[PDB]
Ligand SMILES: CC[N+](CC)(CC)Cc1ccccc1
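As structure tokens, one chain now follows by itself in the form deposited without ligand BTM.
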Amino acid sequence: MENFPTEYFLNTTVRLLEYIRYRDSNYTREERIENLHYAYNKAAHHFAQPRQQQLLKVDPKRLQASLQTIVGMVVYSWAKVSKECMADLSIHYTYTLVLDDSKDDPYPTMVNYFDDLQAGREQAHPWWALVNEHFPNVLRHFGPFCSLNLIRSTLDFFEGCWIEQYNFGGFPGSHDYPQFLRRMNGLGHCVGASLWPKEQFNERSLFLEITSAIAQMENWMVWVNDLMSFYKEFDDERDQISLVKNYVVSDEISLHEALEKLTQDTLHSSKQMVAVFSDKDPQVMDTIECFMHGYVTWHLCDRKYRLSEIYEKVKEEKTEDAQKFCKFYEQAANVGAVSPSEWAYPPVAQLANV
């Protein structure tokens, strides 16, 4: 397919939004902006500190771009958590996003990882040094079980990045590779457990639902992301590996077949998500429904995924899908589309220079 599956894409997206029950929220734009700025402001000051500035080797521009995409992701999806929680999660997920930027071999700095860890010595790898120092600010919002999940997933993520450094799409015939890697760097368990602050949820009382939420949320979150990202990544000769591209290489199937597989998982995942949590604790179903919706809004509104382009193409096309799509889009935009100038300021560099 030298061309983007525009039709096919539009279809599944609508089906997906329908399945999850994509609709309006009592989360106003004035509320969204309130939070966006709160989160961004705390994070910005954090990354602007000299220590963070030294140890984190990231280009100023990308750091700004990353922080902004992450604050957005967090505020729009963790709708029911506190302002401080959105902020702290924003800092954590910004660190993770930034690590996918390093080309640097982890190996030499990981040689004494466990011995330093057990001894309480600052880690050799600067990233760990920063993240582990910051971690308590995130972990304070959760109980021990949810905390353990955040810790593991982040550790899993670190290995994932390491593996990704080899741009390996898996050996042909290695069917278990693709999902193995995707889970490794999807932060699924991190996301899943960070949805339940101990301030508004009892980890022990809701242990079974939380666990189930983590288990199911992990795959939904990553597959929805892989799907929504399929468009930007299509003509990106720079991005060589991805769940879909890897299915292709490892499963030895066509890109169509691979994209096919993703869609079946995504939709089935959606259907089962609702099936399971509808009749459960209302507060749980609420956090979950909001995350799914917010997560979708975010993808549709953040420039990174460039979905606006797909809009301004089928904008006046008159097929069923086409319209149901554009309708959903505009819905998002209403509370989603927000000029950065309304919340993301001043730039991190400016704060860093002061």
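For every residue, the number given is its place in the sequence shown, counted from 1.
Below, we turn to the form solved in complex with ligand BTM, even though it does not appear here.
Visitor: Which residue, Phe142, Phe157, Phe230, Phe277, has a heavy atom that falls within 4.5 Å of ligand BTM in the deposited complex?
Guide: Partner contact (heavy atom, 4.5 Å) among the options: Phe157.
Visitor: Tell me, which of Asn225, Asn149, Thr263, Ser242 has a heavy atom within 4.5 angstroms of ligand BTM in the deposited complex?
Guide: Here the answer is residue option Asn225.
Visitor: Contact between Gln123 and ligand BTM in the deposited complex at 4.5 Å, heavy atoms?
Guide: No, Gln123 sits far enough from ligand BTM in the deposited complex that none of its heavy atoms falls within 4.5 Å.
Visitor: Taking heavy atoms and a 4.5 Å cut-off, does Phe328 contact ligand BTM in the deposited complex?
Guide: Residue-level check for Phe328: no, no contact with ligand BTM.
Visitor: Heavy atom to heavy atom, is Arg182 within 4.5 Å of ligand BTM in the deposited complex?
Guide: Because a heavy atom of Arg182 falls inside 4.5 Å of ligand BTM in the deposited complex, the answer is yes.
Visitor: Can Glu133 be called a contact residue for ligand BTM in the deposited complex at 4.5 Å between heavy atoms?
Guide: No, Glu133 stays farther than 4.5 Å from ligand BTM in the deposited complex.
Visitor: Thinking of ligand BTM in the deposited complex, which stretch from 253 to 261, 165 to 173, 269 to 277, 214 to 222 has heavy atoms inside 4.5 Å of it?
Guide: The contacting stretch here is 214 to 222.
Visitor: Of 97 to 122, which residues get within 4.5 Å of ligand BTM in the deposited complex if you count heavy atoms?
Guide: Those in contact are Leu97, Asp100.
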